[PDB]
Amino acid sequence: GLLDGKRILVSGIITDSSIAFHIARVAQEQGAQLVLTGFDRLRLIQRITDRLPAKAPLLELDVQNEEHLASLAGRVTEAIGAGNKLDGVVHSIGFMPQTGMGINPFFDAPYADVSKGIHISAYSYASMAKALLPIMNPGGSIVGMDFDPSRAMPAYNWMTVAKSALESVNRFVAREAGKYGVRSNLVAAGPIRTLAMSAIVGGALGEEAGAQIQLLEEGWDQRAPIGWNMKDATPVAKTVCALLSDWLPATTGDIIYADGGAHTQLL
């Protein structure tokens, strides 16, 4: 078991197609003992996580709530038992209001909306690190989820800016985590058909946005030398588990591309 005996906190489950759901599943298959955090609809999240291979304690965490962050370490310790620390943390959280992502023109996003998205999608990575590093073991691992923002693209708009910020945050979190013997890295995944993503392809954010995602999905599988299957999150979940294991011991402040190789190819 790749993660045997490791204690790992996984945020970001909201449905059974959430990337963090599959991260949580693969980690439990590999012997990890999990603690879960969920935002807002905790009864729904509980019913979703009941389908994980093993039962895992669920804690409430709204990343914009200072009280939630201040109590987090104590509530984690209460779930895993005093004297036990975390070996791994998974940040799988993201949000941008509709004004900053979609067919709404890039210039029309109010900063209040953009700021909320950068708060939840980028700053929260440092927030969670700060809350959880004091209860992490040496040799631990923090992993966040990324979507390659080094080039601009239709519709993603302000969320691409939030991703650019998150990659920069990750390189500073790595400097802090290094003082604990802890690594911090991001996994840049290719497009995955989550519920939200499926809703956008169906036009939830405007028809242009939906058409552009479909073109991006299609271009992705074409470019990827090993193909890309947007309906299979297993590859991304296994990559996260790789970074949570002891088998990338010299990688930190970095980005692993679980994208089928698409970013290495022009056409």
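Start at 1 with the first residue shown and count on from there. Here, rigid core means the biggest group of C-alpha atoms that superpose within 1.5 Å across both forms.
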Core-aligned Cα RMS comparison in 7 other deposited structures of this protein - stretch that moves more, 216 to 224 or 64 to 72 = 216 to 224
query = Comparing 104 to 112 with 157 to 165, which stretch shows the greater average C-alpha B-factor in the deposited entry?
reply = 104 to 112
request  = Check the entry's C-alpha temperature factors for 169 to 177 and 81 to 89, then say which stretch has the higher mean.
outcome  = 81 to 89
ask   = What's the residue among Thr239, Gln64, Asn229, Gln222 with the greatest CA temperature factor in the PDB record?
value = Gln64
message = Checking the record values for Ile120, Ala73, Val143, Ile192, which has the greatest CA B factor?
response = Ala73
note = By the entry's values, the third containing the CA B factor of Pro134 is the highest
key: Chain thirds of CA B-factor: placement of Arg7   = middle
remark   = Chain-relative C-alpha B factor for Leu266 (record values, thirds): the middle
query = For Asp16, does the deposited CA B-factor place it in the lowest, middle or highest third of the chain?
reply = highest
query = Looking at the C-alpha B-factor of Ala152, is it in the lowest, middle or highest third of its chain?
reply = lowest
